[PDB]
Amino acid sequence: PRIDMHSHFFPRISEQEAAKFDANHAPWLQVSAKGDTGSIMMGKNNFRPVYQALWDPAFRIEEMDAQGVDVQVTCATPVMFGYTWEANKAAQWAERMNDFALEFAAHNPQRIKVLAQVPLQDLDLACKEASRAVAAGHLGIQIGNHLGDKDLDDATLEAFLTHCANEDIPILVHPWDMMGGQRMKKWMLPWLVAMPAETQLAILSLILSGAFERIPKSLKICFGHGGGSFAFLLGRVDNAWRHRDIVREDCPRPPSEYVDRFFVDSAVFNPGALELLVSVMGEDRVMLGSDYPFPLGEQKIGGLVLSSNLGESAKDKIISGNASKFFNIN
């Protein structure tokens, strides 16, 4: 079997639906005149354009059939997160979005699994929604990797992860709200430079802060896009830890020894990069994920893993066995 655990959806939100939350900043879906194409919209401005797989579960199942994908795990498009909104409205939005998600999966719940969003700007509302959404059928949570200047080392975010650990709630960490300022204006550089750095920063924030010494081993947490540049730059981190006490202040063993505390997806778009990723993380900690249905995703889902020279046993773990245990999928 084949599980793709990194994909996105966007719900059929109407303009008036979104305006009952925020006419200016709540996103909504316009399935335009040709109907094949949408804008995610913000207010009446256009946000970015999308196509039908994002919103149509029937159309998506036929593509999954064609790709040979048996089970796809899907979650919010990050524009849905609403982390800057007033907390109570953000909690109402998260519940609505997560209900939308379960309705998406209800067309074929054996083949479409969903993860939930949470109002991460209020720790109490976010823990309550994580528990509520998983009890209603979600298999885990997808969060952005940072909340403004608060990275994953911040006690509020560590506490959210620890809540999920203690309740057996898996987490997918997705880069969002990219660093860079007024640079990287062209050629989608935020997706090529800032996004892998954001994910590396999230992983290193947990490691170098000592958070894994405090978060229970029960935490199942995965980072998108192969963990960004984390695995390649890990030697540089270990060398810094060895030679500067301020890099060691909160992290009692070499940073690379914490790779047994998290997972990555396999979306690194290159055979050598995947071999290095599996070398660093272990065949038990890399899961097939495509970023379907976005253009910077993998067109032939699983093609990189399937055409690799990894062991047949490792190929099965990455394509199916790891996600099956991580998300409890049969």
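One-based numbering along the sequence shown.
Set 43-51 against 58-66 and average the Cα temperature factors; 43-51 ends up higher. The deposited model assigns a higher average Cα B-factor to 23-31 than to the other stretch when 276-284 and 23-31 are compared. Within the listed group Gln182, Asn145, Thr74, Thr77, the record reports its top CA B-factor for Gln182. Remark: of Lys128, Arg236, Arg242, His107, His107 shows the highest value [criterion: C-alpha B-factor in the PDB entry]. The PDB entry assigns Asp291 a C-alpha temperature factor belonging to the lowest third of its chain's modelled residues. When the CA B factors of the chain's modelled residues are split into thirds, the value for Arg96 lands in the middle one. Ranked against the other modelled residues of its chain, the C-alpha B-factor of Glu198 as given in the entry falls in the lowest third. Split the chain's modelled residues into thirds by C-alpha temperature factor. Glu103 is in the highest one. Per-chain ranking of the deposited C-alpha B factor places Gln117 in the lowest third.
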